[PDB]
Each structure stands twice: as C-alpha cells, then as structure tokens.
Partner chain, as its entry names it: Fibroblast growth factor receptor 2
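Okay, here we've got a single chain as structure tokens, the form deposited without the partner chain, with questions on binding and movement later.
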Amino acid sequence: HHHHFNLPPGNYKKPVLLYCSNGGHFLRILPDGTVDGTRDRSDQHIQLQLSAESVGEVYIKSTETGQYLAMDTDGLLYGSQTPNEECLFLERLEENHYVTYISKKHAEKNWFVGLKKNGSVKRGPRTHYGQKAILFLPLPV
C-alpha cells in the first residue's frame, strides 16, 4: 500500500483521550459535529473509543455522542452519525513512540488527523509527515 506498517500498542478495550503533543490539546468531537481541541481534561466530549475494523485500521468514536471522527473530501474533520469510508483511519506508530492517524480514504495524499497549537484542527492537505500537529499520545481513561 502507500504507508509503512509499524503499529502502536494494540488495545481498544477502554476509552482514551487523544492528547496532541503539538500544543497539548485533547481531540474533541462536539454534539453539533464540530471537531477541535481543548486543554480541559474534564471535557465530556474528548472521551473517545477506538475500534479496529481491520488490523491497523480504526474507527475513532465519541463515547458521549456516538459520533464517528471522519475527514471529508476537502480535508476537514467532522463528526459523522454513521460509519462510512471517511471514518476509517490507518493507526500508525511514528518516531517509535507517537501515534498518527492517516485518512484511509485519502491515504495516497498523506492526509492526517492533526491539531494546531491553538486548538484548531488541521485541514488534510496541510498535514504531512514530520509535523508536530500529527503526533498523538492516546491516554487510557
């Protein structure tokens, strides 16, 4: 395929917080489908549950609202009420430590889930290997 296959510790038993090392925000999916980041560890919308569709492919869903993280045709993240092709991400280890999530639908273009230092999500085309915005550390709740 288009990417390596170094995988991070596999465990989707319980929910996690996706902490972004670039700014230290937790990924958040709001009820209205908006996706962004917040530093508030107590936010009810940052608790996420990952599940593996195929080895190395995951869905990322809000435990509070049931929404699936998804990246659209123009690279914007949104919360989807139902699982679709835009909701699958390739979960990969990076720098032998961090976890990156690559849009499966747009894998050939290297579009990643990423957060800026100001807490706003990055648009797919603006992401790329080597950025700090793409580096996550899932924290078990």
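Numbering follows the first chain given and starts at 1.
If you look for the form solved in complex with the partner chain, you will not find it shown, but the lines that follow are about it.
The partner chain is not shown here, and in the deposited complex it never comes within 4.5 Å of any heavy atom of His106. Taking non-hydrogen atoms only, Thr73 never approaches the partner chain to within 4.5 angstroms in the deposited complex. In the deposited complex, none of the heavy atoms of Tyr78 sits within 4.5 Å of a heavy atom of the partner chain. Contacts between stretch 104 to 119 and the partner chain, counted in the deposited complex as any heavy atom lying within 4.5 Å, involve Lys116, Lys117, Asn118, listed in sequence order.
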